[PDB]
Structures are given as structure tokens and as C-alpha cells.
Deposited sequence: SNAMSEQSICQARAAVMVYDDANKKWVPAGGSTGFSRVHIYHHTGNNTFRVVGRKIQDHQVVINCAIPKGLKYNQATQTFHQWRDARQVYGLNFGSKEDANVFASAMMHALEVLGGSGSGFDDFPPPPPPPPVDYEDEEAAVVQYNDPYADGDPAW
């Protein structure tokens, strides 16, 4: 039981600490459709990305409470969920902003009040 909260086009990268370089996740360079998914029950989240060409899954990691998500530039973001470092090299600023905005919201919901909001603008 999952819901996509955003969809963003990006080249998905991992850092190769041995060779001191970023390498394309899954071994093949190219853009991916990168989602953040919310498990409606657990109230957990995860980033999932698939290559656009061959639909290979290149990232599939859960978003832990307390993740340090870094926007190096407006269009390259990075974090280290596990032992490796992940990067997202976005196709456009529009893509970068939606993904960052969804990630921030995910991290709030994981982090844990306010009066109800006003009506949406007419």
C-alpha cells in the first residue's frame, strides 16, 4: 500500500570512495524517473528510481528519520542512507525543487502543532 508523492527526472549517482568519483547507479549512465513513496500504513517513506530506457531499478532505499539531505547545487542533491553516498543530478530545476520539496515534507512527517490552514486562494 504505497503512494507516490513526487516524480522527478534525474541521473542517479553513487560515490565510489575507492576511485574518488561519482559513478552512475546500476552501472549505466542515463536518466531515471525517481519517486518518493509513502507507505500509508507504516508512515514510512522511500526513494525509488528506474532507468527510463530499460526500467532497471537503480535506487530503492528507505528514508530514515533524521536523514541529512544536502543540496550541493540547486540541481545536484546528495545524502548517505547506507554505507554508500547517493546523488541526484536533476534534468531541470523544476525536477530538483519538486523532489526536494517532497523530501522535506517526508522528513517532517518522520520528524513528528499548528492551527488548521486557510482556504486555498481563489
property: Parts of the chain sequence, as deposited, that carry no C-alpha coordinates in this structure; result: 1-4, 117-122, 133-156
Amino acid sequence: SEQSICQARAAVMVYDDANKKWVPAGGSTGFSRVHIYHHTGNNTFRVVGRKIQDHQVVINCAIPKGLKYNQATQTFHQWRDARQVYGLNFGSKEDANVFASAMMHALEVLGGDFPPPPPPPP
From here on, numbers count along this sequence of modelled residues.
{"query": "Of 96-104 and 15-23, the stretch whose C-alpha atoms average the higher B-factor in the entry", "finding": "15-23"}
{"query": "Of the residues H77, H39, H35, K51, the one carrying the largest Cα B-factor as recorded", "finding": "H39"}
{"query": "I59 by Cα B-factor - lowest, middle or highest third of the modelled chain", "finding": "middle"}
{"query": "Within-chain third of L88 by Cα B-factor, per the entry", "finding": "lowest"}
{"query": "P120 CA temperature factor, ranked by third within the chain", "finding": "middle"}
{"query": "Among modelled residues of the same chain, the CA temperature factor third for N70", "finding": "middle"}
